[PDB]
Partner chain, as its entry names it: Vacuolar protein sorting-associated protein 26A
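One chain follows as structure tokens, the form deposited without the partner chain.
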């Protein structure tokens, strides 16, 4: 089930990669048996980085960034949301 993680930026960044579609919307796909529009996901986690320490894992699907729903979102929208804060990031993720 979805869970909320808070991550505080190191000067190297949050320590993860986000991967997903360029466009908006698109075909539905179930994640852990629940139906969603396309979700961006965590494609890498830096060992010992901020995201790793906060409990983010490879493959986590991103449902919200900083309180904003990103189901079906463009990659740009998700990256821009990740960059909204000077140093803090709150994600709602679904581990697979």
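The term rigid core refers to the most C-alpha atoms you can superpose between the two forms while keeping them within 1.5 Å. Positions refer to the first chain, counted from 1.
Colleague: Could you settle it for me: does 40 to 48 or 25 to 33 have the higher average Cα B factor in the PDB entry?
Modeller: 25 to 33 has the higher mean C-alpha B-factor.
Colleague: Once you work out the mean C-alpha B-factor for both 68 to 76 and 10 to 18 from the entry, which is higher?
Modeller: Going by the record's values, the stretch with the higher mean is 10 to 18.
Colleague: Grab the CA temperature factor for residue 96 from the record and place it in the lowest, middle or highest third of its chain.
Modeller: Ranked within chain, residue 96 CA B lands in the highest tercile.
There is another form of this protein, the form solved in complex with the partner chain, and it is not shown here; the text below is about that form.
Colleague: Flag residue 88 as yes or no: does it have a non-hydrogen atom within 4.5 angstroms of any non-hydrogen atom of the partner chain in the entry with it bound?
Modeller: No.
Colleague: Can you tell me if residue 26 lies within 4.5 angstroms of the partner chain in the entry with it bound, counting non-hydrogen atoms only?
Modeller: Answer yes; at least one heavy atom of residue 26 falls within 4.5 Å of the partner chain in the entry with it bound.
Colleague: Even though the partner chain is not shown here, does residue 69 get within 4.5 Å of it in the entry with it bound, heavy atoms only?
Modeller: Answer no; every heavy atom of residue 69 is more than 4.5 Å from the partner chain in the entry with it bound.
Colleague: Counting only heavy atoms, which residues in 29 to 67 are within 4.5 Å of the partner chain in the entry with it bound?
Modeller: Result: 29, 30, 32, 33, 35, 37.
Colleague: Quick check: residue 69 between this form and the one not shown - does its CA shift reach 2 Å or more after fitting the rigid core?
Modeller: No, residue 69 moves less than 2 Å.
Colleague: Please determine whether the C-alpha atom of residue 44 is displaced by 2 Å or more between this form and the one not shown following superposition on the rigid core.
Modeller: Not so; residue 44 is displaced by less than 2 Å.
Colleague: Once the core is superposed between this form and the one not shown, does residue 54 show a C-alpha displacement of at least 2 Å?
Modeller: False for residue 54: its C-alpha shift is below 2 Å.
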